[PDB]
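The file entry.cif comes next; it holds mmCIF, C-alpha atoms.
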data_query
#
loop_
_atom_site.label_atom_id
_atom_site.label_comp_id
_atom_site.auth_asym_id
_atom_site.auth_seq_id
_atom_site.Cartn_x
_atom_site.Cartn_y
_atom_site.Cartn_z
CA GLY A 14 41.72 129.65 -26.27
CA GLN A 15 38.40 128.70 -27.90
CA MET A 16 38.97 131.03 -30.85
CA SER A 17 38.27 130.79 -34.60
CA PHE A 18 40.57 132.34 -37.21
CA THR A 19 39.48 132.55 -40.86
CA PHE A 20 41.82 133.89 -43.56
CA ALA A 21 40.53 133.90 -47.14
CA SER A 22 41.58 135.49 -50.40
CA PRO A 23 38.94 135.79 -53.15
CA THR A 24 40.51 132.88 -55.02
CA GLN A 25 42.10 130.82 -52.23
CA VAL A 26 41.69 129.94 -48.55
CA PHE A 27 44.44 129.79 -45.93
CA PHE A 28 42.68 129.15 -42.61
CA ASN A 29 39.19 127.77 -41.94
CA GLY A 30 38.14 127.27 -38.33
CA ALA A 31 41.73 126.79 -37.16
CA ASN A 32 42.87 129.34 -34.59
CA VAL A 33 46.34 129.79 -33.12
CA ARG A 34 46.25 132.04 -30.07
CA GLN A 35 47.62 135.33 -31.53
CA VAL A 36 47.00 137.33 -34.73
CA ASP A 37 48.87 140.52 -35.69
CA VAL A 38 47.01 142.74 -38.16
CA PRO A 39 48.04 146.17 -39.56
CA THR A 40 44.97 148.36 -39.01
CA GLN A 41 44.24 151.56 -40.95
CA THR A 42 44.20 153.58 -37.71
CA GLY A 43 47.08 151.87 -35.92
CA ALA A 44 47.83 148.27 -35.02
CA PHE A 45 46.50 145.70 -32.56
CA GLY A 46 46.96 142.19 -31.21
CA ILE A 47 44.25 139.56 -30.84
CA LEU A 48 44.43 138.09 -27.33
CA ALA A 49 41.76 135.45 -28.29
CA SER A 50 39.24 137.32 -26.12
CA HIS A 51 39.88 140.83 -27.49
CA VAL A 52 37.16 143.47 -27.18
CA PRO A 53 35.42 143.26 -30.56
CA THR A 54 35.85 145.87 -33.29
CA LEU A 55 35.22 146.40 -37.01
CA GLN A 56 38.43 147.57 -38.57
CA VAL A 57 39.83 147.97 -42.07
CA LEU A 58 43.36 147.51 -43.33
CA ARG A 59 46.50 149.44 -44.46
CA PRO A 60 49.30 147.84 -46.53
CA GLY A 61 51.37 145.75 -44.15
CA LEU A 62 52.32 142.23 -43.20
CA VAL A 63 50.22 139.82 -41.13
CA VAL A 64 52.34 137.56 -38.94
CA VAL A 65 50.07 134.80 -37.65
CA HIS A 66 51.82 132.89 -34.86
CA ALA A 67 51.02 129.21 -35.32
CA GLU A 68 51.04 126.94 -32.29
CA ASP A 69 53.16 124.56 -34.22
CA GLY A 70 56.56 125.93 -33.12
CA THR A 71 56.75 128.87 -35.54
CA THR A 72 54.92 131.81 -37.14
CA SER A 73 53.38 132.52 -40.54
CA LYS A 74 54.45 135.69 -42.35
CA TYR A 75 51.70 136.75 -44.77
CA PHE A 76 51.39 140.19 -46.36
CA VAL A 77 47.90 141.59 -47.03
CA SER A 78 47.14 144.66 -49.14
CA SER A 79 43.62 145.88 -48.22
CA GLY A 80 40.94 143.87 -46.42
CA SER A 81 38.78 143.86 -43.31
CA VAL A 82 39.21 142.48 -39.78
CA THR A 83 35.98 141.62 -37.95
CA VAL A 84 36.53 140.26 -34.44
CA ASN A 85 33.08 139.60 -33.01
CA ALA A 86 31.17 139.00 -29.77
CA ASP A 87 31.95 135.32 -29.40
CA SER A 88 35.66 134.59 -29.57
CA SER A 89 35.93 134.29 -33.35
CA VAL A 90 37.54 136.50 -35.98
CA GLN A 91 37.04 136.76 -39.76
CA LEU A 92 40.04 138.28 -41.55
CA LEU A 93 39.28 138.63 -45.25
CA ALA A 94 41.82 140.20 -47.58
CA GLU A 95 42.09 140.95 -51.28
CA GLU A 96 45.77 140.36 -52.14
CA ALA A 97 47.14 138.06 -49.42
CA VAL A 98 50.44 136.71 -50.69
CA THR A 99 53.47 135.35 -48.86
CA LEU A 100 56.98 136.79 -48.90
CA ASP A 101 58.80 134.59 -51.42
CA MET A 102 56.53 135.47 -54.35
CA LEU A 103 57.70 139.10 -54.08
CA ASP A 104 61.00 140.45 -55.35
CA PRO A 105 62.82 143.10 -53.30
CA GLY A 106 64.75 144.36 -56.32
CA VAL A 107 61.75 145.73 -58.19
CA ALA A 108 60.35 147.17 -54.96
CA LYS A 109 63.38 149.44 -54.49
CA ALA A 110 63.00 151.03 -57.92
CA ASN A 111 59.27 151.68 -57.65
CA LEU A 112 59.64 154.05 -54.68
CA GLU A 113 61.55 157.07 -55.98
CA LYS A 114 59.83 157.12 -59.38
CA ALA A 115 56.52 157.77 -57.63
CA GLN A 116 58.30 160.46 -55.61
CA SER A 117 59.42 162.05 -58.89
CA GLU A 118 55.84 162.41 -60.11
CA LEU A 119 54.79 163.86 -56.74
CA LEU A 120 56.24 167.29 -57.50
CA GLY A 121 54.98 167.02 -61.08
CA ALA A 122 51.32 166.75 -60.08
CA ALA A 123 49.36 169.89 -60.92
CA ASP A 124 45.97 168.92 -59.47
CA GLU A 125 45.05 168.48 -55.80
CA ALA A 126 43.40 165.04 -55.96
CA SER A 127 45.74 163.62 -58.59
CA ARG A 128 48.56 164.49 -56.20
CA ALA A 129 46.53 162.79 -53.47
CA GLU A 130 46.52 159.64 -55.62
CA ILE A 131 50.34 159.78 -55.69
CA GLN A 132 50.43 159.93 -51.88
CA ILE A 133 48.55 156.61 -51.77
CA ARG A 134 51.08 154.95 -54.07
CA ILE A 135 54.22 155.94 -52.15
CA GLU A 136 52.78 154.64 -48.87
CA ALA A 137 52.22 151.11 -50.18
CA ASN A 138 55.74 150.79 -51.59
CA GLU A 139 57.14 152.16 -48.32
CA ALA A 140 55.62 149.27 -46.37
CA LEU A 141 56.82 146.97 -49.17
CA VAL A 142 60.54 147.55 -48.57
CA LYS A 143 60.51 147.70 -44.75
CA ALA A 144 58.66 144.37 -44.57
CA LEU A 145 61.51 142.90 -46.64
CA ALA B 1 5.45 116.52 -99.25
CA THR B 2 7.38 115.57 -102.36
CA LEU B 3 10.68 113.70 -102.18
CA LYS B 4 12.68 116.91 -102.60
CA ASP B 5 10.77 118.47 -99.70
CA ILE B 6 11.29 115.55 -97.29
CA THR B 7 15.06 115.32 -97.86
CA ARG B 8 15.75 119.02 -97.33
CA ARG B 9 13.82 119.19 -94.06
CA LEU B 10 15.52 115.99 -92.87
CA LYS B 11 19.05 117.30 -93.41
CA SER B 12 18.30 120.53 -91.56
CA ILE B 13 17.47 118.75 -88.30
CA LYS B 14 20.71 116.82 -88.55
CA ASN B 15 22.74 120.03 -88.27
CA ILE B 16 20.58 121.38 -85.44
CA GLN B 17 21.00 118.06 -83.63
CA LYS B 18 24.79 117.92 -84.08
CA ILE B 19 25.29 121.50 -82.91
CA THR B 20 23.28 121.12 -79.70
CA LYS B 21 25.39 118.06 -78.89
CA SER B 22 28.53 120.15 -79.38
CA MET B 23 27.05 122.94 -77.25
CA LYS B 24 26.31 120.49 -74.45
CA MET B 25 29.91 119.36 -73.95
CA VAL B 26 31.17 122.95 -74.17
CA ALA B 27 28.85 124.33 -71.49
CA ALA B 28 29.42 121.32 -69.23
CA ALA B 29 33.18 121.87 -69.08
CA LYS B 30 32.37 125.47 -68.17
CA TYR B 31 30.25 124.05 -65.36
CA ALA B 32 32.94 121.91 -63.72
CA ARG B 33 35.27 124.92 -63.61
CA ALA B 34 32.61 127.07 -61.94
CA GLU B 35 32.00 124.39 -59.32
CA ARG B 36 35.65 124.27 -58.21
CA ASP B 37 36.04 128.05 -58.07
CA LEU B 38 32.94 128.48 -55.92
CA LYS B 39 34.18 126.79 -52.73
CA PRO B 40 36.99 129.30 -52.04
CA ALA B 41 34.52 132.05 -52.96
CA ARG B 42 31.86 130.55 -50.68
CA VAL B 43 33.48 130.98 -47.25
CA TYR B 44 34.90 134.36 -48.29
CA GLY B 45 31.34 135.16 -49.32
CA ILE B 46 29.90 133.70 -46.12
CA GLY B 47 32.42 135.47 -43.88
CA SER B 48 31.73 138.92 -45.29
CA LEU B 49 28.03 138.38 -44.69
CA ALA B 50 28.62 136.94 -41.23
CA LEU B 51 28.81 140.25 -39.36
CA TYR B 52 25.17 141.17 -39.98
CA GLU B 53 23.65 137.96 -38.59
CA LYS B 54 25.37 138.51 -35.23
CA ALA B 55 23.47 141.81 -34.89
CA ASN C 363 8.65 77.34 -71.39
CA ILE C 364 11.36 76.36 -73.90
CA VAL C 365 14.79 76.52 -72.22
CA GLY C 366 13.60 76.35 -68.61
CA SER C 367 13.83 78.67 -65.63
CA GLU C 368 17.51 78.03 -64.85
CA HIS C 369 18.73 79.39 -68.20
CA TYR C 370 16.18 82.21 -68.07
CA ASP C 371 16.83 84.16 -64.87
CA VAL C 372 20.59 83.92 -65.37
CA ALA C 373 20.56 85.28 -68.92
CA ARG C 374 17.92 87.87 -68.03
CA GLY C 375 20.09 89.52 -65.37
CA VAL C 376 23.16 89.71 -67.63
CA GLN C 377 21.44 91.97 -70.17
CA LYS C 378 20.01 94.14 -67.39
CA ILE C 379 23.40 94.73 -65.71
CA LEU C 380 24.96 95.42 -69.12
CA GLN C 381 22.43 98.24 -69.60
CA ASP C 382 23.21 99.95 -66.29
CA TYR C 383 26.88 100.17 -67.23
CA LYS C 384 25.76 101.59 -70.58
CA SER C 385 23.79 104.33 -68.80
CA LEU C 386 26.38 105.11 -66.13
CA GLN C 387 29.26 105.37 -68.62
CA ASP C 388 27.96 108.77 -69.80
CA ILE C 389 27.88 110.53 -66.42
CA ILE C 390 31.45 109.33 -65.82
CA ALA C 391 32.59 110.59 -69.23
CA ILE C 392 30.95 114.04 -68.95
CA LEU C 393 30.79 114.86 -65.22
CA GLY C 394 33.24 112.58 -63.42
CA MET C 395 33.71 109.42 -61.42
CA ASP C 396 33.34 109.68 -57.64
CA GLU C 397 29.93 111.40 -57.40
CA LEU C 398 27.95 108.17 -57.89
CA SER C 399 27.00 105.93 -54.97
CA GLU C 400 28.87 102.99 -53.45
CA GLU C 401 26.15 100.60 -54.62
CA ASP C 402 26.90 101.67 -58.20
CA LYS C 403 30.68 101.18 -58.04
CA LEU C 404 30.19 97.41 -57.90
CA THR C 405 27.94 97.46 -60.99
CA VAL C 406 30.71 99.31 -62.83
CA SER C 407 33.23 96.72 -61.63
CA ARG C 408 31.06 93.65 -62.26
CA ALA C 409 30.04 94.64 -65.78
CA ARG C 410 33.70 94.85 -66.78
CA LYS C 411 34.08 91.30 -65.45
CA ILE C 412 31.05 90.05 -67.39
CA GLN C 413 31.93 91.61 -70.75
CA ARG C 414 35.40 90.04 -70.56
CA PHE C 415 34.10 86.65 -69.41
CA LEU C 416 32.24 86.50 -72.74
CA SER C 417 35.58 86.20 -74.53
CA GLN C 418 36.77 82.71 -75.45
CA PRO C 419 39.82 81.39 -77.33
CA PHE C 420 38.94 79.37 -80.42
CA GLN C 421 40.39 76.08 -81.63
CA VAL C 422 40.81 77.48 -85.14
CA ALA C 423 43.34 80.06 -83.93
CA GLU C 424 45.76 77.84 -81.99
CA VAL C 425 48.71 78.56 -84.28
CA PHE C 426 48.48 82.36 -84.25
CA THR C 427 47.51 83.66 -80.81
CA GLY C 428 49.13 80.71 -79.04
CA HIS C 429 46.34 80.03 -76.53
CA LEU C 430 44.45 76.76 -76.15
CA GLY C 431 41.06 76.44 -77.79
CA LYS C 432 38.30 75.82 -75.25
CA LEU C 433 34.91 74.23 -75.95
CA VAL C 434 32.57 75.00 -73.05
CA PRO C 435 29.46 72.85 -72.52
CA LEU C 436 26.13 74.35 -71.55
CA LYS C 437 26.07 73.57 -67.83
CA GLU C 438 29.34 75.42 -67.19
CA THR C 439 28.23 78.68 -68.81
CA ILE C 440 25.04 78.88 -66.74
CA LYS C 441 26.92 77.98 -63.55
CA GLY C 442 29.58 80.62 -64.24
CA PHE C 443 27.37 83.68 -64.71
CA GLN C 444 25.16 82.62 -61.80
CA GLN C 445 28.09 83.42 -59.48
CA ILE C 446 29.45 86.60 -61.08
CA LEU C 447 26.09 88.32 -60.52
CA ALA C 448 25.98 87.54 -56.79
CA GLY C 449 29.37 89.09 -56.04
CA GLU C 450 30.90 85.68 -55.34
CA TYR C 451 34.11 86.16 -57.39
CA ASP C 452 34.35 89.95 -57.28
CA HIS C 453 37.58 90.42 -55.30
CA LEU C 454 39.69 88.88 -58.07
CA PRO C 455 41.07 91.36 -60.66
CA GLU C 456 39.87 91.89 -64.22
CA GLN C 457 42.53 90.06 -66.25
CA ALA C 458 41.80 86.72 -64.58
CA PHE C 459 38.59 86.63 -66.66
CA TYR C 460 40.06 87.65 -70.02
CA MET C 461 40.31 84.74 -72.51
CA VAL C 462 39.64 81.70 -70.34
CA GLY C 463 37.44 78.63 -70.67
CA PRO C 464 35.12 77.79 -67.78
CA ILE C 465 34.96 79.47 -64.37
CA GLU C 466 37.43 76.88 -63.02
CA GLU C 467 40.31 78.26 -65.11
CA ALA C 468 39.58 81.80 -63.93
CA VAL C 469 40.87 81.36 -60.37
CA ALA C 470 43.86 79.39 -61.70
CA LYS C 471 44.91 82.58 -63.52
CA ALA C 472 44.72 84.92 -60.52
CA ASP C 473 47.61 83.02 -58.92
CA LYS C 474 50.02 83.77 -61.78
CA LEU C 475 49.58 87.53 -61.45
CA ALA C 476 52.56 88.93 -59.47
CA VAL D 2 40.55 160.70 -42.00
CA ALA D 3 43.68 160.83 -44.18
CA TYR D 4 44.88 162.44 -47.41
CA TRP D 5 42.64 160.16 -49.48
CA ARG D 6 39.84 161.44 -47.28
CA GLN D 7 38.88 165.18 -47.47
CA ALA D 8 40.05 165.33 -51.12
CA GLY D 9 37.12 163.42 -52.64
CA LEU D 10 38.08 159.74 -52.95
CA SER D 11 36.52 156.39 -52.06
CA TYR D 12 37.97 153.39 -50.25
CA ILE D 13 37.72 151.26 -53.39
CA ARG D 14 39.79 153.94 -55.13
CA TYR D 15 42.23 153.54 -52.25
CA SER D 16 42.12 149.74 -52.47
CA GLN D 17 42.65 149.67 -56.24
CA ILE D 18 46.02 151.43 -56.09
CA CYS D 19 47.63 149.68 -53.12
CA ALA D 20 46.67 146.26 -54.50
CA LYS D 21 47.97 147.19 -57.95
CA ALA D 22 51.43 147.85 -56.51
CA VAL D 23 51.62 144.32 -55.08
CA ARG D 24 50.95 142.94 -58.57
CA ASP D 25 53.90 144.93 -59.91
CA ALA D 26 56.38 143.72 -57.28
CA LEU D 27 55.73 140.07 -58.16
CA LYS D 28 58.20 137.96 -60.12
CA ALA D 29 57.92 136.58 -63.63
CA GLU D 30 56.52 133.27 -62.38
CA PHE D 31 53.59 134.70 -60.40
CA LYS D 32 52.74 137.40 -62.95
CA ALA D 33 50.06 135.23 -64.59
CA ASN D 34 48.05 135.11 -61.35
CA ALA D 35 48.11 138.91 -61.43
CA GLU D 36 46.87 138.62 -65.01
CA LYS D 37 44.24 136.13 -63.82
CA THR D 38 42.20 138.41 -61.55
CA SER D 39 42.66 141.64 -63.59
CA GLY D 40 38.98 142.47 -63.41
CA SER D 41 38.60 145.11 -66.13
CA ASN D 42 35.98 143.54 -68.39
CA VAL D 43 32.63 145.08 -67.33
CA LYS D 44 31.49 147.80 -69.73
CA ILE D 45 29.63 150.96 -68.70
CA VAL D 46 26.25 151.86 -70.20
CA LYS D 47 24.39 154.90 -68.93
CA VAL D 48 21.48 155.99 -71.10
CA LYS D 49 22.57 159.65 -70.92
#
Can I see the file as C-alpha cells?
Amino acid sequence: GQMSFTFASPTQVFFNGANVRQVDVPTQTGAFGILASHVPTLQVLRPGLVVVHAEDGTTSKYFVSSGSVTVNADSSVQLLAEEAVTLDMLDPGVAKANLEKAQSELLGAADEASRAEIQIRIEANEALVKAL
Amino acid sequence: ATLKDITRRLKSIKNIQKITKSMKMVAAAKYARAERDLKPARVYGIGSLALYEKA
Amino acid sequence: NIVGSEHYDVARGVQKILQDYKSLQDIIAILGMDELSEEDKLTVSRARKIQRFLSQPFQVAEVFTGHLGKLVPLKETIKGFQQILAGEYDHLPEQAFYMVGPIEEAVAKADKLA
Amino acid sequence: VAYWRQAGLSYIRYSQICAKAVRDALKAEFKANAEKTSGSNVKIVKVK
C-alpha cells in the first residue's frame, strides 16, 4: 500500500507510477520480495524473470537481463532494465541448442579470463531454459 | 557589373536558396523522430538520476 | 468614402482571415496538427468555409455541370459573409457551402446530407 | 564477488554478454528490434 513501481526499458516503458503490492526481482546476490514497505537497498541484477503480480486478478511474467533495483526511503521503487522482454517473443527451441555449444568451448579456452567470459555465457542460457 | 556578371551571381543564389529549403525539411523530419523517442528515454533517464536527490 | 462602411468592414475581415490560414498551413504541413491552440482551430475551420462560399454556379454552364445558375445581388453577399465571420453558421459541415447561391440555400443543403 | 570478479572484468563487460544472448534467442519477427539497438557505431580515437 502507498507504493510506486516504475519499470522502463531504454526504448519503452511498462509501468509509470502504478504499483501492485508485490514485485519479485532476481538479484545478483540472491533474490527478494518487495512487501511495499521493504527495508531499502541498492541492488543489481542477474539474468532471470521478473513476475510482477498485478492486482487485476493475475500476474505479469517479464524477463529482464541486467538492470538495477533501487527501493528507496519512501515506499517507492525504480526498477530499470536493459533488455526487458516478455515470454512469447522468445523461442525455446533455439535456447536449447545454445547451451551445450558454449559448454564445448569451455574446455577449449586456453586463457584464464577468456574462460571466465565463457562462464558468463553459460549462466545466462541456463536461466533461459528453466524460465521456459 | 556587366550583364554577364549580374546573371551569373543571380543563378548562384538560386541554388543556395533551393538547397537550404531541402535541408530544412530533412532536418525537421529528423526532429519529430527525436521528440517521440525522448519520452521513454526521459523517465528512464530521470529514474536513474533519482537515487542521488534522495541523499 | 466610396462604397460605405458596411461593405468595408465585412470585406476587410475576409482578407485578414484568409491570411491567417495561409500562415498556419505551413506549421501543419511541416510540424503537425494538434499543437496549435483551440482559438486557432476555428480559424482553420472557418477559412475553409469562406473559400468555398466564394464558389458560384454560372448560368453559362447549365448544360454541362447540371447545376442551376445563380445571380446574387449585392445585399445578399454582404449579409452572408457578415455571419460566417461571427461563428453564426459554423456547426454546419463544409459541403453545405460548396456551389450554392445565397446564404439561404446553404442551410437547405445541410438537410440532404445523410 | 564471482568469477567475472577477481579475473579482471567490469560489470558492463558482464552486461554486454548476458544481454547479447537474449537477442539470439529471439524469433525471426523480433530480430529487427535486436538490430535496432545494436549500439556499435562510436569510433575510438586516442592520440597515442
Sel. within 10 Å of pt (41.1, 129.3, -52.8), counting all atoms listed in the file, output as number ranges by chain: A: 21-27; B: 36-44
Polymer residues at most 12 Å from residue 371 of chain C, only C-alpha atoms, same-chain spacing of 6 or more positions, as a PyMOL selection string: chain C and resi 365+377-378+440-441+443-444+447
Minimum-distance residue to residue 416 of chain C, chosen among C:398, C:448, C:391, C:465 (using only C-alpha atoms): C:465
Pick from A:52, A:97, A:44, A:145 nearest to residue 84 of chain A, counting only C-alpha atoms: A:52
Contact residues (chain B, partner chain C, 9 Å, all atoms listed in the file) as a list in words: residues 25, 28, 29 and 32 of chain B
Spatial neighbours of residue 36 of chain D, 9 Å, only C-alpha atoms, chain gap at least 4 places, as a list in words: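 With the cut-off at 9 Å, the set is residues 24, 32 and 40 of chain D.
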Can I get the selection written as an mmCIF file, in the frame of the given file, with C-alpha atoms?
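So the final result, stored in again.cif, reads:
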data_model
loop_
_atom_site.group_PDB
_atom_site.id
_atom_site.type_symbol
_atom_site.label_atom_id
_atom_site.label_comp_id
_atom_site.auth_asym_id
_atom_site.auth_seq_id
_atom_site.Cartn_x
_atom_site.Cartn_y
_atom_site.Cartn_z
ATOM 1 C CA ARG D 24 50.950 142.940 -58.570
ATOM 2 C CA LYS D 32 52.740 137.400 -62.950
ATOM 3 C CA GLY D 40 38.980 142.470 -63.410
#
Selection under test: the PyMOL selection byres ((chain A and resi 30-42) around 8); residues as a list in words: residues 14, 16, 17, 18, 19, 28, 29, 43, 44, 45, 46, 47, 48, 49, 56, 57, 58, 59, 60, 61, 62, 63, 64, 65, 66, 67, 68 and 82 of chain A
Residue members of the PyMOL selection byres ((chain A) within 8 of (chain D)) in the file shown, as a list in words: residues 60, 78, 79, 95, 96, 102, 103, 104, 105, 107, 108, 125, 126, 129, 130, 132, 133, 134, 137 and 138 of chain A
Expansion of the PyMOL selection byres ((chain B and resi 48-53) around 10) into residues, as a ChimeraX atom specification: /A:55,81-86,91-93 /B:42-47,54-55
Pairwise distance for atom CA of residue 379 of chain C and atom CA of residue 21 of chain B, rounded to one decimal in Å: 26.9 Å
